[PDB]
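Form described as "open state" in its entry title, single chain, as structure tokens, below.
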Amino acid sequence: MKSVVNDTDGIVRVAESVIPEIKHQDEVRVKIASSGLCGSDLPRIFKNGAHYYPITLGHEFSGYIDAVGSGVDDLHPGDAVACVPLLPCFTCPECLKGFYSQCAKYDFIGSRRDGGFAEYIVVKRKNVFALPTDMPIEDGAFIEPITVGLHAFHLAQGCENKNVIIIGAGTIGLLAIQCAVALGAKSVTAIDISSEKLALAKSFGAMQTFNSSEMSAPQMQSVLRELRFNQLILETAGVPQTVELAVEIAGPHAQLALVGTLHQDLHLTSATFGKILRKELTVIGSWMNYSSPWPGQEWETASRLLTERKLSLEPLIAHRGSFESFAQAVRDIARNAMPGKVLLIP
């Protein structure tokens, strides 16, 4: 079987190895139909970090069950499934309350482990989610990134009838916009520094857009005045300025979902911190994309949205193709400012 696997930075192109076999009673073998390249998995791509180089990443994929272990009785060869990349222990106190993302002894396909840039992969039954037969199988690669946004909505007890504001017009943010619209948000606002990404956001249903390199927070809040109640704000950009921005624009009692991780420190003036208290904001930390019963309602919702064709994925796709046309992957538009998702389609 062919594959796409890397090591200490700078190398790739395509490899060739033996098909994995089921080695445990609760494993399945998946024949991969679609597997996508994410920004999380990125800067191990050459930004290093020990880890064992060895082996490669890839946690956003779908395909069909090829074989199941002697202990698997709820899945058969040919069943459509998507990857559920996290593997919690399922038995610790955090796991028993459905806090899978707070499990101390986690595991992760395409990170801790390895994931799916190959024709086949063997994983635990718990790491696959059965898909509707009516779901286009290649859109299964988007379920995991869709659930990132849905899990924030879930933590905020839903986006329905709320004035949703998405900060950051990356793939996750763009999917959140489409989901918010599909899920009955009163309104959807997108904020980003790129006018092209905002144009994309508007085509996805964001009724208005703010360019944060052109508008100040006061100007934004002024325009938001009609929509200042029942806000649900998603910070997806993961930069200090946009966390600060979210607090400054926020209406009375807004919910503020933090989905983006920071890599720089956050400096809040006394004034800005004071606004958290004065507006009585609720700031909600969001981590990964799971809830109980495992893997969570987010996965059902994403699945449902994708089968009933509520989402537009083509504009989020920078590339489709088989191994040869994906061994491609890496070229040199540099390592990022990514157009969009890059798909492997065996």
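From 1 onward, residues are counted along the sequence shown. Rigid core: the largest C-alpha set superposing within 1.5 Å between the two forms.
Relative to its counterpart among 272-280 and 90-98, 90-98 has the higher mean temperature factor, C-alpha atoms as listed in the PDB entry. Once the C-alpha B-factors are averaged per stretch, 27-35 and 46-54 rank with 46-54 first. Reading the B-factor column for the CA atoms of 129, 204, 117, 229 in the entry, the top value corresponds to 117. Sort the chain's modelled residues by C-alpha temperature factor and residue 314 lands in the middle third, per the entry. When all modelled residues of the chain are sorted by CA temperature factor, residue 214 is found within the highest third. In the PDB entry, residue 244 places in the middle third of its chain by CA B-factor. Residue-level temperature factors show residue 265 in the middle third of its chain, judged at the C-alpha atom.
Per the deposited record, the Cα B-factor of residue 150 falls in the lowest third when ranked against the other modelled residues of its chain.
This next part talks about the form described as "closed state" in its entry title, which is not shown.
Of the residues 253, 76, 97, 267, exactly one exceeds or equals a 2 Å C-alpha shift between this form and the one not shown once the rigid core is aligned, and that residue is 76. After superposition on the rigid core, displacement of the C-alpha of residue 54 between this form and the one not shown amounts to 2 Å or more. The Cα position of residue 13 differs by 2 Å or more between this form and the one not shown after fitting on the rigid core. Annotation for residue 25: C-alpha shift under 2 angstroms between this form and the one not shown, rigid core superposed.
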